[PDB]
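# Structure at a glance
Okay, here's what each chain looks like letter by letter:
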Amino acid sequence: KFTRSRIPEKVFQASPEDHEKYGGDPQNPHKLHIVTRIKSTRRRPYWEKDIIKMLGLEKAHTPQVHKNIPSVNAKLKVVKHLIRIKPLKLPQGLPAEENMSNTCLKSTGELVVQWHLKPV
Amino acid sequence: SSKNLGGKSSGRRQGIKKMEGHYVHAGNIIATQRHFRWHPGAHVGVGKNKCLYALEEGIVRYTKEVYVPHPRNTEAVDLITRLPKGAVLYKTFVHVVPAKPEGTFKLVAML
Amino acid sequence: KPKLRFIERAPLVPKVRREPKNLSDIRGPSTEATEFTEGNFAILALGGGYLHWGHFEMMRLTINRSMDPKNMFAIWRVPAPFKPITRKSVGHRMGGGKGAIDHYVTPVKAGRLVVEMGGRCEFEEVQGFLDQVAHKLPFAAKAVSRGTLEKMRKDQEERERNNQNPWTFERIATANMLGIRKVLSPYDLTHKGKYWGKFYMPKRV
RNA sequence: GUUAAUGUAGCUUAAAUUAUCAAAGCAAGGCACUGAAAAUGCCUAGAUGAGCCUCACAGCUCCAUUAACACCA
RNA sequence: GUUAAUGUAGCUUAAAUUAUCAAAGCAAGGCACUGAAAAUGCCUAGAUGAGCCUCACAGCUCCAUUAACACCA
RNA sequence: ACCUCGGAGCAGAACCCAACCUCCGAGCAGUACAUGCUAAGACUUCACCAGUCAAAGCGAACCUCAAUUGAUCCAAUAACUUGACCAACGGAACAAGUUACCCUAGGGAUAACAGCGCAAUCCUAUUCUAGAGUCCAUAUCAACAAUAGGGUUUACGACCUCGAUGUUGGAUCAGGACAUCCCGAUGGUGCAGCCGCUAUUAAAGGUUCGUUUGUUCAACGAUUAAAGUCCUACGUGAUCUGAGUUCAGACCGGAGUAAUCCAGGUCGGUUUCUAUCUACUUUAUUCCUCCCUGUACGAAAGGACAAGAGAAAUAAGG
RNA sequence: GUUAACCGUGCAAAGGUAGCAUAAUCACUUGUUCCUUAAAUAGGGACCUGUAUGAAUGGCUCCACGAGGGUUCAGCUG
RNA sequence: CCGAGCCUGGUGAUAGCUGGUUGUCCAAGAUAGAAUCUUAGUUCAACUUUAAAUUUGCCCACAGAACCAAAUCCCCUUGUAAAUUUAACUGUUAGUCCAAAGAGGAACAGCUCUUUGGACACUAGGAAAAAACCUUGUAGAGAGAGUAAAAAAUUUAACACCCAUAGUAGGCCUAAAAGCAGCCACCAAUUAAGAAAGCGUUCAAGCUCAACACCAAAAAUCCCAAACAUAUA
Ligand SMILES: [Mg+2]
Ligand SMILES: [Mg+2]
Ligand SMILES: [Mg+2]
Ligand SMILES: [Mg+2]
Ligand SMILES: [Mg+2]
Ligand SMILES: [Mg+2]
Ligand SMILES: [Mg+2]
Ligand SMILES: [Mg+2]
Ligand SMILES: [Mg+2]
Ligand SMILES: [Mg+2]
Ligand SMILES: [Mg+2]
Ligand SMILES: [Mg+2]
Ligand SMILES: [Mg+2]
Ligand SMILES: [Mg+2]
Ligand SMILES: [Mg+2]
Ligand SMILES: [Mg+2]
Ligand SMILES: [Mg+2]
Ligand SMILES: [Mg+2]
Ligand SMILES: [Mg+2]
Ligand SMILES: [Mg+2]
Ligand SMILES: [Mg+2]
Ligand SMILES: [Mg+2]
Ligand SMILES: [Mg+2]
Ligand SMILES: [Mg+2]
Ligand SMILES: [Mg+2]
Ligand SMILES: [Mg+2]
Ligand SMILES: [Mg+2]
Ligand SMILES: [Mg+2]
Ligand SMILES: [Mg+2]
Ligand SMILES: [Mg+2]
Ligand SMILES: [Mg+2]
Ligand SMILES: [Mg+2]
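The deposited coordinates derive from cryo-EM, with the record listing a resolution of 4.4 Å.

Before going further, it helps to spend a moment on the nonpolar core. Soluble globular proteins tend to bury their nonpolar side chains together. All names here are of chain C. Core analysis: the biggest nonpolar cluster contains 29 residues, and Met117, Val126 and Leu130 have the highest contact counts within it. Counting only elements with at least two residues in this core, the list comes to β1 (41-45), α1 (53-63), β3 (72-76), β6 (113-119) and α2 (123-135). With six residues, α2 is the largest single contributor of residues to this core. Residue contacts for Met117: discarding those within four places in its chain leaves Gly39, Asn40, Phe41, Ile63, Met67, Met72, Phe73, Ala74, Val126, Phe129 and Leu130.

Where the parts come together, the accessible area they lose is often given as the size of the interface. At the interface, nine residues of chain C touch eleven residues of chain A. Contact between chain C and chain A buries roughly 910 Å² in total, counting both sides, with carbon and sulfur atoms accounting for 48%. Considering only the surface of chain C that becomes buried against chain A, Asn176, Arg181 and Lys182 of chain C emerge as the three largest contributors, covering 47% of it. Counting the contacts that link chain C with chain A gives zero salt bridges. Taken together, chain C and chain A are joined by four residue pairs in polar contact.

Here the focus is the protein's contact with RNA strand H. As a structural note, the neighbourhood of RNA strand H is formed by 58 residues, with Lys1, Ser71 and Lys75 of chain A together with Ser24 and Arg27 of chain C the closest of them. Within 4 Å of the protein, the contacting atoms of RNA strand H are drawn from sugar and phosphate to the extent of 72%. Within the contact set of RNA strand H, a sugar or linking oxygen lies 2.9 Å away from a backbone nitrogen or oxygen of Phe2 of chain A. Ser40 of chain A places a main-chain nitrogen or oxygen 2.7 Å from a phosphate oxygen of RNA strand H. Only α2 (47-55) and α3 (72-78) of chain A provide two or more residues apiece to the surface near RNA strand H. Here the surface near RNA strand H gets six residues from one element, more than from any other, and that element is α2 of chain A.

Cut-offs and rules
Residues numbered from 1 in each chain as written, not as in the entry; some residues may be left out. Chains lettered and ligands numbered in written order. Part of a larger assembly, values for the part shown. Heavy atoms only, no water. Core = buried A, V, L, I, M, F, W, Y, C linked by side-chain atoms within 4.5 Å. Buried < 20%, exposed > 50% of the residue type's maximum accessible area, 1.4 Å probe, protein only. Helix = DSSP H or I, 4+ residues; strand = E, 2+ residues; numbered from the N terminus. Contact = heavy atoms within 4.5 Å. Buried area = accessible area lost by both parts, 1.4 Å probe. Salt bridge = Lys/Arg side-chain N within 4 Å of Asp/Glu carboxyl O. Polar contact = N/O pair within 3.5 Å; in protein donor to acceptor, adjacent residues only side chain to side chain. Near = heavy atom within 4 Å.

What follows is the structure, encoded as structure tokens:
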């Protein structure tokens, strides 16, 4: 039969070489994710059609944030093929109450807090 | 030409009815079986068709206790008496940890 | 005795309940006898298949023809054909029940030695007539020695180290990477990508 | 099923108790032998189980059977 | 091919187990001998292979056979 | 052949899960006489229907087995209860054959004709060297098997069509394929030659007439250079034939009590269409005589090549 | 069982008799053979296992006769 | 037009069967099964629609589930927003193929049968055209933009040359087996040439080898886009 797969836990373990390729380091992990769906739920089974309404990834190529806690992270393990998970990094701090009018995502995942349209 | 005939019986739907950790009230059927699979432990009775029914309102738990049957069961004492001398049999056993106490004392009158 | 004994058609105890033809009896590598014992030369099956009695009478009468029993011997590694095969008599419509018991067969998986040989001769002697009997079989065969077989596994264990392609089969298949377990069988994790049904692909890591 | 009746020597008809005679079977006798025919003797919980008496015998418990109805809807 | 049934002393019919009687064959006896007729005794995986029991006996594995259909196209 | 209920497999680890799928059983028997009465809670054969358990209580002691079975209404009965192999087992209170004399409603959900799928059956060629072939695997034949292909048979499948897709042979005209029967071109030969056998190549051309059968086939006579295999809706019935097959009639033979029936036989049996559209409607061969010659060839019997001349027959064109 | 007159045997109410015949007659079948033909799955006469022939379900012959079904010499004719 | 006339009437007979079923505009919407003179049908369930009410449903994790492989069940957290009950319902209850586990069959079918999962009957793009394969779904206009899937690769067999004498026609065995019909043995001569590895021999004779020495393709109307190895991915 084709059933729901389960992945053995030696693929969600990174070597020290992978931190040379990707930017993340095993000390101080990233607080937030950037998840964006890159495949259709069509021709995928109903469990992989209903996690996508659970994470809110109905409109594809539209990014989304989720916690990097291991309760949400297990849901990303099922629908990993549909999605593109990038870490959320903030160049500045968090946006306070005078800051959230002009923010944007800045692909390469930089939630900048002051978005002017003026050049450098 | 259909040399065989008969094998059209429906299933029995027989398994465990209340799984582990479930709050189970009195008289509730925990599991249904034949050719014994889960044995009664604390506060679990057995009827005629080897059904496991709960004897006190509580929570069902499943342990692996030690199997010493009745000496008036002549079909397993002759099983026991050919083990090697360090052997234990270890059937699996269901339980009910009782939750609600069997009663409190209340002040009723000052007579 | 240093000759292959007469293996019979239709073993003398007849089975009455006839078995379903589970073709998982051919799939993948052989868990059974895949390494030599008192014999240096053999025909390794590089692919699965069914050996009839008519396959046995070909090899029993060709090996014994082309061997001096003084300097060589030969032992089977396969039992008598035990699995019954059902044939309905041609000219019936479909159904009515499973047909009569017809002929017996034995399942040979991949990587399983079939007939082992040895003696006071080398692999270059037996290569003449074992390659005769190699191509006549219903699967990919290759006569190999002890020193010729474990060359093939260091090849197949260096090629799991040598390849520079960063995607291999087993890293993709055990992880369900593109949703690829949808198309892959649940045996595809287990065999490797090296197999495909009955057929074994040797050129593949 | 409800009723009715029957239960037999190895077979059957009998006999108001105590049980016949005719087949069968048993030898015997006549025969060149076999048959018949005689001449002999046998063969009976009278299908029962308690016995009220004393019972095939009379009321059953009864077991096997044989006939009858088992309808108008 | 599908079904159905049969498997026998040397022949055959039998027999609800335990197996008959009538041919054949075996001598014996009557005969000038042969035949008949008696008088004798024989001759049986009951076609099977395991035996559940205990099986011609009953469910097969079964082997040889005997009937039936094998159509409307 | 089956129809109900049970166990195991298929279905390996909650449950479920088909099948004219594979195997086993069941239509009971025994121990009891509290196999008494009541009553929380639950499971449940995928609904319903039935089914399953059971704490506590009351009254008293001090059930086993897998499946072992059947609803309601009605009858029997004072009562309590008891009634089907209603096994077509959720069961109509009680009803079989036959129809080619048939009829109507439908169905390509569903058959025979053909298409298509497939290729077991069959056919072709390889691979392997056993066994033939006096010796010699491969001049020629070929076992055990394997690797590939073709889609002619008999089958299987039931996807198109049953508000019709007309069938066997025959006529007629043929279109095609090459796996070549003749005619050409060669390699080999257990090829002396004549004759033949085998493989490459070649699809321009050619491929007969007759007796019996409905015959395609087969057999048989006489031929020929040869009487090719096949496909094209078993080519082609709005071109023809209907002798077969296959309506209504009737026999004989068998089966059935009879009506009827039979790949068993046999006599008899309506083949419609005035063309809208597409298409279309004037582009050399083979054999025999003669020759060499009775030579090459062989020892003989036998007997040609290619070179040359001469004759015919067919097709095409007049 | 000696192709068997013959034997013993079973069973039935009787056990298909006379004939006739590869039939307008299941299958083997285009049976075999003589005749007809250059050649005859057609026809004619005989042979009979007809295992499914048969005697008012009528049998077997025969005289005329048939828009009956088959074969035929002679002619004859697109 | 007779297997039972014809006409009228009961008759608007009946039909689990075909055909038909007429304004616009939007919204939700795919079928586990059970019985049944039933499989061309229907009742129930399952599923679906509206309207209600109330609280959890999904996704899930350490623990846990039998003796004789993929996974599933239960399940807090979690991310989320639907779920259950109640009321009224009709309709679907003749399916297909792909992958996977199997079953039947020929380890045949565009075959049959079930489980799990898609897709399909729903739009759109790609795979030549194409139901079912691949990419994508929530809708309108625009003479804007970035992308998704997305274009078959391959071309294959050269081979050594030179030189071979002798014990010995090894014994055995056989008419006769000489290196080679069959046996056991398998020493040794000169530098080195096997009591002989293929032929060839009735038996021989020779012919060589081993050694010195030298340095994949075939089928039926007519093949089938055109073509192109070289300006920067
Ligand atoms: Mg079952
Ligand atoms: Mg079932
Ligand atoms: Mg239920
Ligand atoms: Mg009690
Ligand atoms: Mg019924
Ligand atoms: Mg029923
Ligand atoms: Mg008629
Ligand atoms: Mg009539
Ligand atoms: Mg009609
Ligand atoms: Mg259809
Ligand atoms: Mg057809
Ligand atoms: Mg030979
Ligand atoms: Mg169809
Ligand atoms: Mg039609
Ligand atoms: Mg028409
Ligand atoms: Mg039409
Ligand atoms: Mg050719
Ligand atoms: Mg003619
Ligand atoms: Mg035609
Ligand atoms: Mg016409
Ligand atoms: Mg036409
Ligand atoms: Mg007429
Ligand atoms: Mg037109
Ligand atoms: Mg006849
Ligand atoms: Mg004629
Ligand atoms: Mg007249
Ligand atoms: Mg109507
Ligand atoms: Mg909608
Ligand atoms: Mg219907
Ligand atoms: Mg299908
Ligand atoms: Mg179908
Ligand atoms: Mg020489």
